[PDB]
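Chain and residue survey
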Amino acid sequence: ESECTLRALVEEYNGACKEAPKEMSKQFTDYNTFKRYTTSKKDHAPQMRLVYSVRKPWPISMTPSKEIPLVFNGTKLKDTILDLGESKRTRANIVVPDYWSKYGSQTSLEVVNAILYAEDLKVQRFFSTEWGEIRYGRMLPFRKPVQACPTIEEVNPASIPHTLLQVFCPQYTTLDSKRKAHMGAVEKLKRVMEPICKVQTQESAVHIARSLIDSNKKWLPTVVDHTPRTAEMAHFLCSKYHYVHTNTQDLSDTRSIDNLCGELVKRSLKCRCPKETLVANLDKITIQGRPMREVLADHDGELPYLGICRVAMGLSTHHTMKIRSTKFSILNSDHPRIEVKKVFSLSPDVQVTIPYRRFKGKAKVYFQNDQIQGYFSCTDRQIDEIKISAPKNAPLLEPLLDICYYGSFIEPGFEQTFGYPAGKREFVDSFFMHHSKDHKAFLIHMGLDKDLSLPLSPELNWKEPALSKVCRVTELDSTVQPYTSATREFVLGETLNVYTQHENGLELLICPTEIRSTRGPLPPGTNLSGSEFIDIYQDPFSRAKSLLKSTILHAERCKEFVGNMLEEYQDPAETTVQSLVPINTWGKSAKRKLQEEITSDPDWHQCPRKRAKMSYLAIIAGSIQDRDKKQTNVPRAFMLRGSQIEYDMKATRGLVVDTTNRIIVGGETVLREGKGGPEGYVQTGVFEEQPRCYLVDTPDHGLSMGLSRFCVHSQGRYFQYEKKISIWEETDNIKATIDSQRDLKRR
Amino acid sequence: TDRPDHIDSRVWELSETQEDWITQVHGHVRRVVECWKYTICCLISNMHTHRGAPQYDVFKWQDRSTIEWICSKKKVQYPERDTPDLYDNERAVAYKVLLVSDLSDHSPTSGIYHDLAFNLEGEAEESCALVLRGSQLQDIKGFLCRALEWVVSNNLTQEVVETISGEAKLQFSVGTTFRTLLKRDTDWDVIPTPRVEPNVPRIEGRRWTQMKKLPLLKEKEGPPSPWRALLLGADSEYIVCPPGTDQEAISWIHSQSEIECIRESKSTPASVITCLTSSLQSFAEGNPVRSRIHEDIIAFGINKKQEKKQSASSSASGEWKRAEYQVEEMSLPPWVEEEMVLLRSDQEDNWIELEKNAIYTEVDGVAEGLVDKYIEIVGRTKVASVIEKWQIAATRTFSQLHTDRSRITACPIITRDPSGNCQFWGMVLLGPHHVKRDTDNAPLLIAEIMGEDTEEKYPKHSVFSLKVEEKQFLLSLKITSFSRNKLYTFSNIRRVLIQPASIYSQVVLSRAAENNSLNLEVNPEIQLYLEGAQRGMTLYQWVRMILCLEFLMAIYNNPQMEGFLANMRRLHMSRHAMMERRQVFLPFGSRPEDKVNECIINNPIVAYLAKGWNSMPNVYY
Amino acid sequence: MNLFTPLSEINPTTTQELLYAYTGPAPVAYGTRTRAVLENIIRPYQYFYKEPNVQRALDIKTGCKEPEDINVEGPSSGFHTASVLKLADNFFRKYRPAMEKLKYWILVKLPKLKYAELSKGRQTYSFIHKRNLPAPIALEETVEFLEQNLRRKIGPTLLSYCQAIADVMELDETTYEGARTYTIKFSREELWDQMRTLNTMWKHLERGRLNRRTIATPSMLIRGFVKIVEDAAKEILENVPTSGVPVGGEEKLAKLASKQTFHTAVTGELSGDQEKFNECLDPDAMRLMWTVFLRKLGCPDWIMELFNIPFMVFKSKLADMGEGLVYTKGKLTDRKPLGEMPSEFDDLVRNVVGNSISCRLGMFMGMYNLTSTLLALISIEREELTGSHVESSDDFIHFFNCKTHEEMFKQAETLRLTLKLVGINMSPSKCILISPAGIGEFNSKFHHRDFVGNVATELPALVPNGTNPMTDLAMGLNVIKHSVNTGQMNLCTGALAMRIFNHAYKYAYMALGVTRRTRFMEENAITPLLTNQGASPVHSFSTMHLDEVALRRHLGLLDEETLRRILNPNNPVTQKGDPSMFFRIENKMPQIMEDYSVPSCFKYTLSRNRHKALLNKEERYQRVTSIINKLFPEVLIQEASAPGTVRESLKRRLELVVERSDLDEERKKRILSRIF
RNA sequence: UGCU
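Residues numbered from 1 in each chain as written, not as in the entry; some residues may be left out. Chains lettered and ligands numbered in written order. Part of a larger assembly, values for the part shown. Heavy atoms only, no water.

For this entry, the PDB record names cryo-EM as the structure determination method and reports a resolution of 2.58 Å.

This is the structure:
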C-alpha cells in the first residue's frame, strides 16, 4: 500500500545516516557536485572480452531468485557454489535468457504496450511513409542542422524543465514555474507517460519525456528542396546518389502563427512608430494559455513575419533573403547592400519615389533555386563571375533574372523606367515580365564567347551546345554553402525592418511592404482581448466576446471605452464597435443613457454588472448611425450585424449572461463571485518554514480554491502567494516611467 | 540570454551602458541589483498624477544634463557623487532606493535625500512604509520576492548578499609567496608589461619552388624479406575430411597421417612435431588441453628468459654503453607479386556466406543486389578462402586466451564446404600463457597445410610431408609468439572486404547517377598503369586485386606500414592534382618523400607499394 | 600503388580510402619512455637559435627572440614580443563580436562554472598517491586536501576551487589525512613541485605514425586553472571565421565549404601541417596574447592574474622522466637515470629534479589546443594576408585568391613568416600548395568536387561492443546508420557492413553453428525468434533505426505470448538488487517504491571476472545521491537548491511527504517516530 | 570441441 513507500524511504534515510555519518554534513547544494562521483563503473575494452566472457562457464551475474531452476533438463542453469558475497553474487548460465524466452512468467499486455511505446511509434512512422520511386542523380550536399526525431510538441529550451516539473511533480512547483510551462505539452506528456511511468523509473521516464519534447538538432548533409524535416529517415530517403520521393505536409501551426504575426505587423505599421506598438501588443496576446513571447520562442521558423516578431522579442530569425523563388545569402561583402531613393519626375504632379537596393564594393553571394545551386561575385553593379551547379538542359531564366534583380546589375529598370512608375509591386512585375520576354540584358551585361567549354548557352540553358557561350560563367568547381561563424544578432528598425549587424553598417534582412502573403486562419486559442487590435478576428462573435472580456474584467479600460464612445474620441476598438452594431438610429439615446448613468453613479466602475450595462450603452453609442432617419429610443436588446446572436442590456440571455453567482460572456464564465483570480496574485514571501496560512497541494490547486493566502513547496522553501491589490501590472508601470523619463529628456 | 526572467527587457537593455560592469565585483549580479532598484523606482511612480503631472520624477539612469535641468526648475541641487533616485512632488523631498540585508538598526545615509530602504524579502522600513501607499508596498514586495525566488533558484544567495552589503572580495587574488613561486621561470611578472612598442617586423624569407616532377621513393637494398605473418596466406591449402564434427575430423586425420620431415629449419627444430602429434591425439579423444612434455619447452620457449639472462651475465664483459637499436633493411622479395597473382586464382566455392539482410523497400533491394554482386565477383577467389582461414584461426586461438594456463591447448582450423565435408587448414597450438597485458606475447606452434615450399620465403618453417589417403600434403609447423591485441584484431579480419566493396559501389552508383538509371551489371574499363603504360582493365578484376592487396596490407600492418600510408596521402593528392594540369608548389626545404622513405625499411608490402609508385609516371603533361 | 590510381572512372581522391591498413593491428609501445621524454625536452632548446646551442638555451626563462634570430630554414622556438602584441591588437580590433562573447562569458558564464566539470577527465596524475588515478578520485581527494588544509568548505564554483588552490600555496606546511590512518607531509616547495609535475606515459594503439610518441597528464592543482582559459578560448573560437577546432563533423565541412570560393585569376589552396608543435610554443606568448585580449576588453586585474596562472605553471613544468635510459655492456640490458653515465642528453642533467626534468620552453603537451589555435589565428590578421585561413591546432588549410602567381607566392611566404613570428613553424615536407584551387585536405578530409567519403575510418567501430545483445545490436546499427548519413558508406557498403556486423554479432553470442547455447535451444525446442538467438535478420538497410523487438512485433515475427515473457519487468535475469522509485501521474500518492527489473531479459550483465577507501567513499556518495533522488524528484529536472545540510533537508522533505500521504494522523505519528 |  501507500505506507510501504514511506517505510522504505524511512529505512533508506536511517541507513544512509548510519552508514554515511559524513556526506550529509555537506550542504544539499553539494549534490550537484557529488552526484558525478560514480567511479567503479569504469571499464576498458569490453569488446575485447565479449567472445571469452560469453563462453565462460558462468557468464551472467544476477540476483538470487527462485524462478530459475537449479537444473533444467540436465543443464545447470545457475551456480551457487561460491556465494562470496551471497548478494548479487549467484551466477547464471548463458542459456538462462534463452530458457526464460519460454517457460517463464508473463506480464499484462498493457505493460508490453507501454514499454515499446516510442519504438512502436518509430516503427509505425516508418511503415506509414509513402515509399516513393528512387531518382538516381548527382547531388551537391547542403550541410545543415536537422532535428533528430519528431517531437509531440515543440517547446523552447527554457520552458522544458518547467514543463517536466508540471508533468511529473506538480506538488514541488511554484506559480512562476507553472506559468513558464507549456500546458499543452504538459497535458500531452501526462497522457503519454500515464502508462509509461508504471514500467520506467523516475529518471528514465523524465528523460523519455524530455526526448519527446526536445529538438536535439544535428548537422547532416541534406538535399535542397528535399528536407525530410527530421533525420530519422535520411539513410533511407537520401544519399549522394539518390533520393526517395515522399509526400509529407508540414502539419504544423507555424503557418497560422505567421498569419497572426502578419496581421499584427500590418496593423502596427498604420500607427505612430510601429516598433513599440508591436512590442506592447505581443506582450498582451496569448495563444491558448501561453503568452505570445513564449510561443514565438517555441517556433523558430524561416518565415518573414514570424522572424519580425521574434526579433521584436529579442530572439533570432533564420529567414533568408528571397526573390520570387530564389534564396540569396551573402557569403562576404565589403559593405551592406545600400538603397537608392530613385525619384521619378515623369509628371510634375504625379511622381513616385521607388527605391532599389544594390552593392557597393566587392561582394560574393550564394544563390539557390530548386536544384540550381551556386554563387556569384560582383563589384558594385557589375557581375564579375558566376558559378552554377545545375542539372543538364535545365532552364536558368528565373534564377539568373532573380540574381540580376538582387544585384541591380542589368539596367533597363531600377534607375530607368522602360516605359510612368506607379508603386513597387507594379514596377517589379513589369521588370520581371519585360526581362522574361526580352532576356538580352543578361547577355549584353556578361558578354559572349565562342568557347565550347563554357556551359551556359545564350538562351540561358545549362550545357546545351551553341555557337556562342555566355562569358565568365563556369561550372561550380568546389562545393559552396553559406555558413555564419559569429552568432548573428538582429536589429529591428523603427518601421519594423529587420537588420543584421554587418561590420560597416546594417544589412537588411526582412522588409515589410513587399512581403506578399494572403490572409490565413489564426492559431486556435488566440486571445486578442488585451491587445489594441481586436478587429483581427474575422468572426463577429469572437470580436464581441474579446471586446466584452476587455471591458468587463478591467475598470480602467471600461472607463476609457465609455469616455471615448460618449465624447466621440478616437478609440482602439472603433472598427470592432462599428462592425458589431448594425446601421441604426439609437446613438443619441445611448449617449443620453450614458449621461444619466454617469451622473447618477460616479462610482459605477466597480460593479461588473454596471460595467456590462455601460459597455452595452457605449457599444450602441459608437455605432454607425443613419442620417435620413429620426433618432429613436435605445432598445433593451439588439442583434449583431450579419448574425443571429442577441446582445442584451439586462444580460439575461444571449451573448452576456450575468447570473447572481457568476457572469458568462460568450458561453465562458469570465468572473466568479467568490472563487476567481481576475486581478491575479503576487508572490509576497519566501520562507524555509511553513507560513501561517493554508498549504495547497499544487499551484493549480490553489488557483482554483481562490484563497486569500496559500503556500506552495519548492525544494525546501515555501512561497506564500496572497493577492494583488494594485490596479496596474508591472509592465505598463515600467512603460509609463520609461516614457516619462524620455518625455522629460526631449526638452 | 543573460536577462533574468523577472527583469523587464527594457530595463535590462537600458542598464547595459549605465555602469562598466566588467570592472565591478560580481558585475552581472551588480547589474541585476541595479535593475532591481530601477524597477522599484518604476513601481513607486505607478502612474501617479499630481497637478496634471507625474507625482514622482525618476532621476535614476537619466542623462545628467536633463537631471540638472529639471532639478534647477525644482529649486534643488545635488552633488555628482550621490544623486537621489527619484523626487516626490508631494511632501517635497528627494528619495533614494536602498536595499539592505537587515532592516533593523538602520540610519539615514545622507542629509540631502531621504532613504527608501528595503530588504531582500520585500519588507520596507517604517518611515518608507508610512511614506508609500499599500499598493506600492505590495508591488515592491512582489517584485522583490520574485527576484528572491530567482536568486535561490540559481544558488546566487551569497553573491547577492555580498553585493547588497557593499563590500566583497575580488573573487580571486594571488598572494605573495605564490607570486614568487610563479615568477621563478619567466622574465615577466604575473600581468606582463613589456616596454617594447607593438610592431610586425619584416623578415627576409625564402622562395616557394615548384614540384615539377613527382618524388621518387627509395628502394632499400638487402636480403629479400621472408614471409613474416601469422599464417601462410596464398600458399594455404586444406585436406577434404569426411563430414562430421571437429573431433571426428581430427581423429580421421590423425589415424591416417604419415609425418616425415623433408626440410628442417634451425628456428623451428624438427623435434617439436611430437607436440603437434600429441595435441592431435588428445583432441581426437575429446580433451583439447593436454599436459606438458619434454619438447614443449623447446616448442613454446618455456623458461627461455632465465637461460638467456644467465648466458648474458656469463658473457657480460666491457663497458656500459647506450642502446643504439638497429632494424635490418630488406629489399622487395620476388614472392609478393606471386602472392598477388596466386591470391586472385578462382575457386569452386564462394567462401563468403553472409546471411542476407531483410528486404522491405526498393532501396533495400538495390542495396542487397549490390552486395550480392560484390560477393559473387570477389567470393570465388583464393583471397576469400584465406580470409576465412584467418578468421577461423584467429577466433579459435583468441577464445582459449584470457586465462592463466600451464598446459597446452590445441585449436584446429577447420572449415566446411557447402557439401558437408570438413576442410582442415591446420592447427594452432597454444602453450603456457600467463598473460596479463594486451601486448605481451602468447607462445604458439602454428602448424598448417602448405601448397608450395620455398626456402627464401619461409626460412623459419620446418616443412613436413603429410601422407593421407594416397595424397601428399605439406605442413608448415612454425614456432611463433603472438599478442592478445593482434589476435583480437585478426578475429575481425572480415571487415577488409569493405574497401574494395567501397570502390565497386562508388563506380556502379556513379554510373547509375550520371545516366539517372541503375544497371547493377556494369563492368566498365578502368585505365591503370600496369607495366608503366596506361592500359584498360575491367572493374571486376580491379576490385579482386584491390581486395587481394588490401588483405596483404592488413596482415602486414606495422609502424612502417602506418607511417608509409599516412605519408603517401600527400603524394597521392599531389599526383591527382598534377593529372589535372595543376601546378604544385612547395616551401623552401620541402622534401615530402623523406617522411615516406623513413618508413621504408623491411616491410615487403611497403616495398611493393613503393615500387608500384615508382613504376608509374612521375611527370604529367 | 598503381592499382590505387584510377584514370578513367573515378579519381585518386575517391581511392584515398584505400591508403588505410586499418583492420590490421595497431602499433604499440613496449619499453622505456625516457628517450622520447628527453627528446621532447631537448628539442625546444635545439630550435631557439639558428645554430643549435643547447647549453646557451637552458638559462633562458622567457623565450623571446629578435626578428633576425628567427630561423626561416628550420624550426624556430620562441616568439617576437612586439609581433605578439601587435598581432593580438589586430585580432582584437577585428572580430569584435567574438570579444563581446568573451566579455559575456567572463561576466555571466564564468561565475557559474562548477569545479565538478573537472571530473569529466580521464586518468589524472595524483600529487598525493604519486600515481595516475581517475579524475573523480583525484578531484575528490584534492578537494578534501584543500578543505582540511584551509579549515573551510570549498564552494561549488570553479573560481572558489582556484582561489583555494592559490591559498594553499601560501601555507608553509600542508598535510593530508585519509582513510586506508596514513599521513603525508608537503612543504611549500614539495607541493609546488607536485603542482608543476606532468606524468609522462606512452600512447598505445595510435595509427598513422612510424615512431611512438609520449603523452602526459597534469595534476588536479592545475587542471582547474587550465579549464577557465580553455573555456574562454572556446568561446572566442566559436565566433571567428578562421577557426576550425571548436566545430566538427558536418559543421566543420560546411564551414570549410563556405570558404571554397575561387573566383580570381590565380586561386591557390595550401594545405599543410605545423612541425614540432606543442614544443615550439612558449607559454609566455599565450600569456601575452591573453593579457592583450583582457586589456583591450577593459577587464580588471584579478581575471588577468587568473588567466596567467596556468601558463606560468607550465613555464615551470616538471616532466616526469621514465624508468631510465637503456644501457648495455655486452648483451645485457640495464635501465639507468639520466645523470648516471654519459648519453646524448648530458646537457639536460642540470634540469633534473628528482625523477622529473624541467623545461622552460615549449608546452610538452596538448593542454592548450584552443589557446594555441588562438595564437595561430592572431598571426594571420595582417594587411598582407588576404586569403581564407582555417586552423584547428596544428593542421591548417589556406585558400588564396590573387591576381598573379607572384602575389600568391608572396602571400604564402608572408603566411609562413607570420606563423614563425609566434613560434609556429610550417612543416615544409607536409605543406603542399596547388596553384589552381579545388584539391586539398584538412583533418584527413580530402575534397576534389565535394568532401569524399572515407571508408576504413568507420571499420574499427564495426566490432560488437560487448555489453549485451540488445545494446550491441542497437549501437552497431546506429553507427552504421550515422556512417551512411554522413556519406562515408553508401547503400552497398552500408548493407555489407550490416551483414558483417550481424554475422560477427551472432558469432560472439554463440548463435552460429553447434554451440552450448544452440544445443540447449535445440534439445529444449526453443525457437530463436531473435537475431542474437540465431533467427533470420529482421533489420534492413532502411530499418537500421528501428528497434528489433518492436519491428518483430509489428511484422508478426514475435507473437504476443513470447512478448509477455521477454519484456517482463520482473524477470530474474535483469532484476535489480534494490527497490527503485516510480512516478504516478495524477495519483493520490505520486511516488511508489518497488522492486524493478530491466524489461528485456537479454539486457543481462556480464561478470567482469576480477585508493580503496576512496572507493568506499564513492559508494557512500552513491547511496546519498540515491536517497536524495528518491526524496527529491525535482532535482532530476533542475539543479539542487534546497537550503541547509543534506540531513535536515531530507528530514523535512520526508516529513512533508508523510503529512501529504493521506493516512491516519496516528499512523503518520508512528512513521515519524522512527525517523532518525 | 562447429562463423564459410
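Brief notes about the overall build of chain C
Going by this rule: Going along the chain from the N terminus, every DSSP run of H or I of four or more residues is numbered as a helix, and every run of E of two or more is numbered as a strand. Each residue gets one of three labels from its accessible area relative to the maximum for its type: buried under 20%, exposed over 50%, partly exposed in between, using a 1.4 Å probe on protein chains only. For the area figures, the Shrake-Rupley method with a 1.4 Å probe applies, and any residue is considered shielded solely by the protein chains shown. In this charge count, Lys and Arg are treated as positive and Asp and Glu as negative; neither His nor the chain ends contribute. Working definition for charges: the position is that of NZ of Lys, CZ of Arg, CG of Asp or CD of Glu.
Scanning chain C for helices and strands turns up 21 helices and 21 strands. Counting only C-alpha atoms, chain C reaches 85 × 75 × 65 Å along its principal axes. Split into buried and exposed, the 676 residues of chain C put 68% on the buried side. Total accessible area on chain C stands at roughly 22,300 Å², and carbon and sulfur atoms take up 47% of it. Separation of charge centres in chain C, based on 89 positive and 81 negative side chains, amounts to 4 Å.

Some thoughts on the packing of aromatic side chains
As a reminder, the rule being used: Ring geometry is summarised as follows: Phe, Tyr and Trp rings, the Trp one being its six-membered ring, pair when their centres sit within 6.5 Å, and such pairs are stacked at plane angles under 30 degrees, edge-to-face over 60 and tilted between the two. Here, a charge over a ring means that NZ of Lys or CZ of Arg falls within 6 Å of the ring centre while also lying within 35 degrees of the ring normal.
Here the structure, examined in full by the defined rule, presents 69 aromatic pairs over all chains. A ring pair is formed by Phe178 of chain B and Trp192 of chain C, whose centres lie 6.3 Å apart and whose planes are at 80 degrees; its orientation type is edge-to-face. Highlighted residues: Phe178 of chain B in helix α7 (residues 177–182) and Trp192 of chain C in helix α7 (residues 188–195), drawn from two different chains. Both residues of the pair, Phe178 of chain B and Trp192 of chain C, count as buried. For the ring pair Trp227 of chain B and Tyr556 of chain B, a centre distance of 5.3 Å and an interplane angle of 75 degrees mean the geometry is edge-to-face. On the criterion of sequence distance, the pair formed by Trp227 of chain B in the loop between β5 (209–210) and β6 (239–241) and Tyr556 of chain B in the loop between α17 (539–554) and α18 (559–578) is long-range, its members being 329 residues apart. On the basis of relative accessible area, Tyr556 of chain B is assigned to the buried category, the value being 4%. Of the aromatic side chains, those joined through ring pairs into one cluster are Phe91, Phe92, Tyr95, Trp105, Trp290, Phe293 and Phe307 of chain C. The ring of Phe48 of chain C is capped by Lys65 of chain C, whose NZ or CZ atom sits 5.1 Å from the centre of that ring.

Remarks on the protein's contact with RNA strand D
Spelled out, the test is: By convention in these notes, a residue is near a molecule or strand provided one of its non-hydrogen atoms lies within 4 Å of it. Any N or O atom pair separated by 3.5 Å or less is treated as a polar contact, with the protein-specific requirement of one donor-capable and one acceptor-capable atom, and with residues adjacent in sequence counted only for side-chain atom pairs. Classification convention: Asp, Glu, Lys, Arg as charged; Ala, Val, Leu, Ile, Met, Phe, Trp, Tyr, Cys, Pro as nonpolar; all other residues, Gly among them, as polar.
Taken together, 26 residues sit near RNA strand D, with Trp351, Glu388 and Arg396 of chain B together with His503 and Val514 of chain C positioned nearest. Separating a sugar or linking oxygen of RNA strand D from a side-chain N or O atom of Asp246 of chain B is a distance of 3.4 Å. Elements supplying a minimum of two residues to the surface near RNA strand D: α8 (246–255), α14 (382–399) and β11 (408–416) of chain B together with α15 (491–508) of chain C. For the surface near RNA strand D, the element with the most residues is α14 of chain B, which contributes 5 residues. A per-class count over the surface near RNA strand D returns 8 nonpolar, 9 polar and 9 charged.

Digging into the sheet that holds strand β21 (residues 605–606) of chain C
Within a sheet, adjacent strands bond to each other through the backbone by hydrogen bonds, running parallel or antiparallel. The test is simple: Between any two strands, pairing holds if DSSP finds at least two bridges.
Spatial ordering of the open sheet is given by β4(A)-β5(A)-β1(A)-β21(C), a layout of 4 strands whose pairing is antiparallel. The outermost strands of the open sheet, each flanked by one partner alone, are β4 (78–79) of chain A together with β21 of chain C. Where β4 of chain A lies against strand β5 (residues 91–92) of chain A, 2 bridges are found, and the strand directions are antiparallel. Directly across from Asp79 of chain A, in β5 of chain A, lies its bridge partner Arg91 of chain A.

A look at the nonpolar core
This is how the line gets drawn: Take the buried residues of types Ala, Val, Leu, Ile, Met, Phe, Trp, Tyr and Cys, join any two whose side-chain atoms come within 4.5 Å, and each joined set is a nonpolar core. The contact definition used throughout considers only heavy atoms, calling two residues in contact when any of these lie within 4.5 Å.
In terms of nonpolar packing, the biggest core is built from 195 residues, with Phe168 of chain A together with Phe91, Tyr161, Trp290 and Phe293 of chain C touching the most fellow members. Ignoring any residue separated from it by four or fewer positions in sequence, one finds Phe168 of chain A in contact with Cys197, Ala205, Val206 and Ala209 of chain A together with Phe583 and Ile585 of chain C. With 194 residues, the next largest nonpolar core counts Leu571 of chain B together with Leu210, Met510 and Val538 of chain C among its residues.

Quick look at a nonpolar patch on the surface
Filter applied, for reference: Residues forming no salt bridge and having over 30% relative accessible area are the ones grouped into patches, like charges within 9 Å of each other and nonpolar side chains (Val, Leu, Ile, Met, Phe, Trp, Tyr) within 5 Å. Only one rule defines a salt bridge in this text: a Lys or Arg side-chain nitrogen within 4 Å of an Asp or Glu carboxyl oxygen.
Taken together, the side chains of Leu346, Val350 and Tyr420 of chain A make up a nonpolar region of the molecular surface, amounting to roughly 330 Å² of accessible area. Within the secondary structure, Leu346 of chain A is located in the loop between β14 (338–344) and β15 (352–358).

Remarks on the pattern of salt bridges
Inspection of every chain in the model, using the stated rule, returns 111 salt bridges over all chains. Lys617 of chain C is paired through a salt bridge with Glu140 of chain C; the nearest N and O atoms lie 3.4 Å apart. Here the two residues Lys617 of chain C and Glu140 of chain C agree in accessibility, since each one is buried. Look at the salt bridges and you will find they share partners, linking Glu263, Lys266, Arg267, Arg519 and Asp535 of chain A into a network.

Points about the interface of chain C and chain B
Quoted interface sizes are often the accessible area lost when the parts come together. Rules: A quick way to say it: buried area is the sum, across both parts, of accessible area lost when two parts are put together, with a 1.4 Å probe.
Facing 168 residues of chain C, the contacting portion of chain B comprises 156 residues. Buried area between chain C and chain B, both sides added, is near 14,800 Å², and the carbon and sulfur share of it is 64%. Three residues stand out in chain C for area buried against chain B, namely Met1, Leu3 and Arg499 of chain C, and they jointly supply 6% of the buried area on that side. Run the count over chain C and chain B and you get 11 salt bridges. With a shortest N-O distance of 2.7 Å, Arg360 of chain C and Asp185 of chain B are connected by a salt bridge. The interface formed by chain C and chain B contains 64 residue pairs in polar contact. Looking at the side of chain C that touches chain B element by element, the count peaks at 14 residues for α15 of chain C. Its residues placed into classes, the side of chain C that touches chain B shows 90 nonpolar, 42 polar and 36 charged.

Comments concerning the interface of chain C and chain A
Contact residues are listed per partner, giving 162 residues for chain C and 150 residues for chain A. Buried area between chain C and chain A, summed over both chains or domains, comes out near 14,900 Å², and the portion from carbon and sulfur atoms is 59%. At the surface where chain C touches chain A, the tally comes to 10 salt bridges. Of the charged contacts, one joins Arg620 of chain C and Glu23 of chain A as a salt bridge, the two residues approaching to 2.9 Å between their closest N and O atoms. The tally of links between chain C and chain A comes to 71 residue pairs in polar contact.

A word on the sheet that holds strand β6 (residues 214–217) of chain C
Residue and element names in this part refer to chain C. Reading across the sheet, the 5 strands line up as β6-β5-β8-β12-β11 and stay open at both edges, with mixed pairing between neighbours. Single-partner strands in this sheet number two, and they are β6 and β11 (352–353). As paired strands, strand β5 (residues 197–202) and strand β8 (residues 318–320) are joined by 2 bridges and run parallel to one another. Each residue of the ladder has a partner; that of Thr197, found in β8, is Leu318.

Structural notes on a negative patch on the surface
Together, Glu337, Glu338, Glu452, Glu456 and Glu531 of chain B make up a negatively charged patch on the protein surface. Along the chain, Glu338 of chain B falls in helix α12 (residues 335–343).

Digging into the packing of α17 of chain B against helix α20 (residues 604–615) of chain B
Residues and elements named next belong to chain B. The condition is simple: Note on geometry: axes are C-alpha line fits, over the in-contact stretch for helices, and angles between N-to-C directions span 0 to 180 degrees. Note on angle classes: values under 35 degrees are labelled roughly parallel, values over 145 roughly antiparallel, values of 65 to 115 roughly perpendicular, and the remainder oblique. Crossings are sorted by hand: turned counterclockwise from the far helix by less than a right angle, the near helix makes the crossing left-handed, and turned clockwise it makes it right-handed.
Where α17 meets α20, the closest approach of the two axes is 9 Å, and the angle between their N-to-C directions is 140 degrees. With respect to α20, the element α17 is oriented oblique. Relative to α20, the crossing made by α17 is left-handed. Residue-level inspection shows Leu549, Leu552 and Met553 of α17 in contact with α20, the latter providing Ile605, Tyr608 and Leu609. Residues that form the contact of α17 with α20 fall into these classes: 6 nonpolar, no polar and no charged.

Details of empty space enclosed by the protein
Rules: Here a cavity denotes a set of grid points, spaced 1 Å apart and computed over the protein atoms alone, in which a 1.4 Å probe fits but from which it cannot get out, and a pocket denotes an open set meeting protein on both sides within 12 Å along at least five of seven lines; residues with an atom within 4 Å of a point are reported as lining. Grid points are joined across faces, edges and corners, and a volume is the space filled by probe spheres set on the points.
Its boundaries defined by the atoms lining it, the largest cavity holds a volume of some 290 Å³. Along its surface, the largest cavity is lined by 26 residues, and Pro221, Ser239 and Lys240 of chain A together with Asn485 and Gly487 of chain C are the ones closest to its centre. With 3 residues, the single largest contributor to the lining of the largest cavity is strand β8 (residues 217–222) of chain A. Taken together, the residues of the lining of the largest cavity sort by class into 13 nonpolar, 8 polar and 5 charged. If you go around the second largest cavity, you meet 15 residues; those closest to its centre are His26, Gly27 and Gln171 of chain B together with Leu107 and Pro111 of chain C.

Looking at the pairing of strand β3 (residues 173–178) of chain C
Residue and element names in this part refer to chain C. On β3, burial follows the alternation: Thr174, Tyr176 and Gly178 on one face are buried, whereas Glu173, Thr175 and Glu177 on the facing-out side are not. Examined bridge by bridge, β3 and strand β4 (residues 182–187) share 6 bridges and lie antiparallel to one another. What sits directly across from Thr174, in β4, is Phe186.

Overview of unusual backbone geometry
Residues and elements named next belong to chain B. Although it is not a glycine, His26 adopts a positive phi angle of roughly 55 degrees. On the accessibility criterion, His26 (11% relative accessible area) is buried. One non-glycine residue, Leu477, lies in the positive phi region at around 60 degrees. When you line up the elements, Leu477 lands in the loop between β16 (471–475) and β17 (478–483). With relative accessibility at 0%, the residue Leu477 sits in the buried group.

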